[PDB]
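This report refers to the structure that appears directly beneath it.
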Amino acid sequence: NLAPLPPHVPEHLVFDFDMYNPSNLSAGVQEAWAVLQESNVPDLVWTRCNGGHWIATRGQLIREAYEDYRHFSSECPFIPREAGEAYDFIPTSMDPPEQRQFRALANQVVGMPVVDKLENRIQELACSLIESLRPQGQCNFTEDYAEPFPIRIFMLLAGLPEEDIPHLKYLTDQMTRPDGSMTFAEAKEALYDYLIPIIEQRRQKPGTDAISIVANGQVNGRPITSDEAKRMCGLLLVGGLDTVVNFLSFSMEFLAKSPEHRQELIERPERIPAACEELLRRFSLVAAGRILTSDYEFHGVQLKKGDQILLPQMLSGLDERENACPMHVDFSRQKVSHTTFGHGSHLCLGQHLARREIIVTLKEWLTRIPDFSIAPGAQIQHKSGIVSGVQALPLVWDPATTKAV
Ligand code: HEM
Ligand SMILES: CC1(C)[C@@H]2CC[C@@]1(C)C(=O)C2
Ligand SMILES: [K+]
């Protein structure tokens, strides 16, 4: 369970936080992680859980370390070590300088130009899914919307059949919130087993889908290899199937529990983009990290080459030193500070797609189902990992209070 303490780590920095099962999980996952920001907890701690690793607990350190790729490398970006070692996606397992040439290609398939004209289809799917639920007066939000909306958009973009979703979603989840049945390496290899033949098919016969574009792409003017294409497409699948999917459920759970915030967005719909940003701060959900490239003293702590450091994207915006009353949701917050989409050279490329999906969801849901609540007697359970989420979100409403557009 707890790994032996390395010789260079002092006892007074030991805080045995378990990122895959944090002790305060029942309070909400963000709340469970925020225990690391109680006043008695140092800026940088060592946990003996999950093989042993550092955790930066404050936005200042998280930001600094994400900027300093020379000391803090993306070569091994996940805890536990076996996962970070097996992780070879592109561009996320690379540091500058080599990383950068791959970002332009990834931008061609998930960047703003692609969003801007997926626009209509995103809007259409949100409206159709929500209208189908509306007269029922209930739904299981995770399965009925949070999954199918972003995942079907991604499968469309990638030119992949919707009947492949259960398999691909299972595999993706083993990389972020493993159930124990597969190691990271096994889940990754299964994803590659799916992708390799499709990549060769689309290098032989190119389409207009994201996989064809990556597979036939150029990287700073030279052809991408089949291997590189596979390593990029693996990442695109995880972003498509396990990011927005979880975030929408945190947001909708909050709106179900806060009628005042629902009413604010109904009355002042122009605030929806700002609300999206504030929700991205409050219900931030990613916790990746880096590996030390050399011995390095950082904020008075001796780190050794090979040490892993968890740098939770989630924590920066929850830090009271970045945002006053950080657990409070304020759509009028003037400077919404967060690192929800990362920081430094690996800033999320999917963020424009994510914001569109969020904003469309908020607008189109509140237009049709302005009044809803958590199902009677339900206690909402979160789950923690590289990406955190919501296990189930049963919602109810009176259909008489809804509106078919
Ligand atoms: C709420 C939704 C999302 C969040 C919170 C999120 C978060 C992040 C974070 C924290 C990173 C940086 C990881 C690191 O520094 O090691 C990242 C990178 C990336 N994300 Fe997102 N992501 C989201 C949605 C998406 C989607 C929908 C896609 C595409 C379908 C996507 C594609 C990417 C790509 C390609 C990178 C790699 C950038 C690089 O390594 O240079 N993301 N994301
Ligand atoms: C940390 C991430 C959210 C980012 C996009 C998908 C993800 C799980 C990665 O492997 C990089
Ligand atoms: K690796």
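A quick note on method: Cβ atoms are made from the backbone with ideal geometry, for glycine too, and the neighbour counts reach across all protein chains shown. Taken together, the values in this text are just the output of simple stated rules run on the coordinates, not laboratory data.
Counted by Cβ distance under 13 Å from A185, the other residues give a net charge of -4, where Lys and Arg count +1 and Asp and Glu count -1.
With all pairs of different alpha carbon atoms counted, what Kirkwood hydrodynamic radius in Å does segment 223-374 show?
Numbers: mean 1/r = 0.0569 Å⁻¹.
For segment 223-374, inverting the mean 1/r across all distinct Cα pairs yields 17.6 Å.
Could you compute the net charge surrounding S226? Neighbours are other residues with a C-beta less than 13 Å from the C-beta of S226; K and R count +1, D and E count -1. Can you show the working numbers first?
On the way: positive: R202, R203, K230, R231; negative: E200, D227, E228.
Once all neighbours under 13 Å are counted, the net charge is +1.
Among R356, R103, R333, whose mean-square fluctuation peaks in a Gaussian network model of the chain (Cα, cutoff 10 Å)? The residue that fluctuates most here is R333. Basic side chains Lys and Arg get +1 at the Cβ, acidic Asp and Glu get -1 at the Cβ, and with that the dipole of the chain about its Cα centre reaches some 780 debye. Taking the number of Cβ atoms within 10 Å of each Cβ as an exposure proxy, the fewest-first ranking of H53, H8 is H8, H53.
Which of the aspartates and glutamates could be linked to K188 by a straight reach, that is with a Cα gap under 13 Å, when you skip same-chain ones fewer than 8 residues away? Filter leaves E82, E85, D88, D173. Quick one: compute the contact order of the chain, relative version, from alpha carbon pairs under 8 angstrom and 6+ residues apart, as a percent. Relative contact order, the chain: 26 percent.
Rg then Dmax, both in Å and based on the Cα atoms of the chain: 21.1, 65. Residues whose amide H falls under 5 Å from that of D18, counting only those 5 or more places apart or on a different chain, are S23, with hydrogens built in the peptide plane. Computed on the Cα atoms alone, the convex hull of segment 1-154 gives a volume of 175 cubic angstrom per residue. Sorted ascending by nearby beta carbons within 10 Å, beginning with the fewest, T339, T47 become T47, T339. The value of relative contact order for segment 288-405, using C-alpha pairs under 8 Å at least six residues apart, is 16 percent. Scanning residues 5 or more positions from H53 or on other chains, those with amide H under 5 Å from its amide H are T47, with H placed 1.01 Å from N in the peptide plane. Shown in residue order for segment 239-252 are the 3J(HN,Hα) couplings computed by the Karplus curve 6.51 cos²θ - 1.76 cosθ + 1.60 at θ = phi - 60°: x, x, 9, 9, 10, 3, 3, 7, 4, 4, 5, 4, 5, 6 Hz (x for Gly and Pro).
Put simply, the amide H of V390, placed in the peptide plane, has neighbours under 5 Å in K383, leaving out anything fewer than 5 places away on its chain. Coupling constants for segment 373-381 follow from the phi torsions by the Karplus curve (6.51 cos²θ - 1.76 cosθ + 1.60, θ = phi - 60°), and in residue order they are 8, 4, 4, x, x, 7, 10, 7, 9 Hz; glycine and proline get x. In terms of surrounding Cβ atoms within a 10 Å radius of their Cβ, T57, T183 rank from fewest to most as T183, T57. Counting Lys and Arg as +1 and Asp and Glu as -1, what is the net charge of the other residues whose Cβ lies under 11 Å from the Cβ of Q30? Local charge sum for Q30: +1.
For segment 1-123, what's the relative contact order in percent, using C-alpha pairs closer than 8 Å and at least 6 residues apart? Don't jump to the answer; show the numbers that get you there.
Working: 120 pairs, mean separation 21.0, N = 123.
Rounded, it is 17 percent for segment 1-123.
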